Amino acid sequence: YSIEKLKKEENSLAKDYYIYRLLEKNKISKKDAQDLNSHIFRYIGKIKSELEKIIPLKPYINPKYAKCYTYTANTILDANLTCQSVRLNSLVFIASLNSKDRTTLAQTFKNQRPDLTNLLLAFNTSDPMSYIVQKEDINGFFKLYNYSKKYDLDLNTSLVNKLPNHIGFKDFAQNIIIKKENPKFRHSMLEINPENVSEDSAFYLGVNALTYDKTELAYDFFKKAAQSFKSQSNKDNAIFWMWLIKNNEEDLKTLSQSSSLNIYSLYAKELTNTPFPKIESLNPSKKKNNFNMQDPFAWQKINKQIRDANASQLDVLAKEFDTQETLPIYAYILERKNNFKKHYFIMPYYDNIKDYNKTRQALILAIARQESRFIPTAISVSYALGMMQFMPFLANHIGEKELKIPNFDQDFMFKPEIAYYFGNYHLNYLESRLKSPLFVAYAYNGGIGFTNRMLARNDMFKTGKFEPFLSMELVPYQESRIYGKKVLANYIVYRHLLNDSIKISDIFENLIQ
């Protein structure tokens, strides 16, 4: 498709993908590129940097403050007061000033903007963080953290219990706990009252407490997380930790009876001799409809409809897509419809995998459910493609260099036979080196380099009181941490559906090296 034809489609990730393909092949002229940011659904990452090699963006500085941006650190004392305060939003600008001018400006702003006064006078010391911490200036603290992660200091009980009220807190807590940085910040966050935190923050503070073997504080944080989490899946994760720490059998019972299917509820069910959860059986009698499952633009449009449909319209759409050809769309609608409460684990295009052994079938299906929900023309915000969500680079390496498919194009990843074939091929490479389906999942999503580096550490997936569960909470990329948990559940389930059951307890035993 030419640019003129793309311009006629609605804005979507598929349209972006195809504009991106033109850009990377140098087929977009400077003239085509004029009206073009208005044609881009999500102007972020590679499509933006590529478009900006043809047409840089001047923007942006707001017309009201333009004069403020004609001053430098050497002339900021000649700027009016508004201009001074605007430029002092930047800590780099503050760091750049000389100390005499930080004193002058600190006094200028003492009454009206003591937040600026504190940062100015902080930067006249050899440790701005320590100055800010002594004032208990909370906004100042997060501005400094964002300017530099390298500041690290012990924080008293009063100060740390103020940090959770700021929007920055959640990312701050997660970042330092998962990356094992800022040891003094980390230790200090043991004294946060569980009453002052909730949800993810409370959960991460529970993980923090375990790293210091404060099992009682950890319980209290996880319990607060369990009570406040919005998602049943996250709640189950929190209850699991409550159980593992204190072993109250009401916690395990509550976890075993969860309506969310996840590794924690699965494991609880196995520990209590509770039956495997019920899996819906979708078998439409109708064989096809009008819909093109190979048209990525048609998927973008129907997906927008489904995500915007009221309860009543989802019923109309469920009926229309209740065919064998559109089974992945049927199941997507039903999963959307029933409030994430019935369990849908379909096996589409099964002919292409029925010859692999059943364990391999289940790993493939497990990956595809998380990657795409089996939508053949699925496209990610990073333009990973098809049911198995291959990055174009790897798709081209396998397709052209390794398998020498004649006239290979990366869009072949939109074909189920290709998606499953390449997925099998890549999963053999990963599994040969990693063994565990959990490790394979991490490597599939985040790369084998990152996975090998995690497994080479002394403190990850080794022996320990709370292993391997603790390690699974400390996987350094969030996306991959979540992905692995999800794919592993899927794997258990599909192994069960294929009459190739395994106990999730055996999977967990094999994670400890």
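So that the term is clear: the rigid core is the largest set of C-alpha atoms that superpose within 1.5 Å between two forms. In this text, residue numbers run from 1 along the sequence as written.
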Open item on the list: After superposing on the rigid core, which of 312-320 and 233-241 has its C-alpha atoms sitting farther from this form in 9 other deposited structures of this protein?
Closed with: 312-320
Open item on the list: Using the rigid core for superposition, please say which stretch has the greater CA deviation in 9 other deposited structures of this protein, 332-340 or 136-144.
Closed with: 332-340
Task: Stretch exceeding the other in mean C-alpha B-factor - 23-31, 59-67 - done: 59-67
Task: Which of 349-357 and 193-201 has higher mean CA B factor, as the PDB entry lists it - done: 349-357
Open item on the list: Can you tell me which of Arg186, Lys286, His426, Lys223 has the maximum CA B-factor listed in the PDB entry?
Closed with: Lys286
Open item on the list: By the CA temperature factor listed in this entry, which of these ranks top: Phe466, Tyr483, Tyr444, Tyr477?
Closed with: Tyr477
TODO: Going by the recorded CA B-factors, say which third of the chain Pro406 sits in, lowest, middle or highest.
DONE: highest
- [ ] Ordered by C-alpha B-factor within the chain, which third holds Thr451? Give me lowest, middle or highest, please.
- [x] middle
- [ ] Divide the modelled residues of the chain into thirds by Cα B-factor and specify which third, lowest, middle or highest, holds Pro376.
- [x] lowest
- [ ] Taking the values exactly as deposited, rank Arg102 by C-alpha B-factor within its chain and report the matching third: lowest, middle or highest.
- [x] middle
Task: Relative C-alpha B-factor of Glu325, binned into the chain's lowest, middle or highest third - done: highest
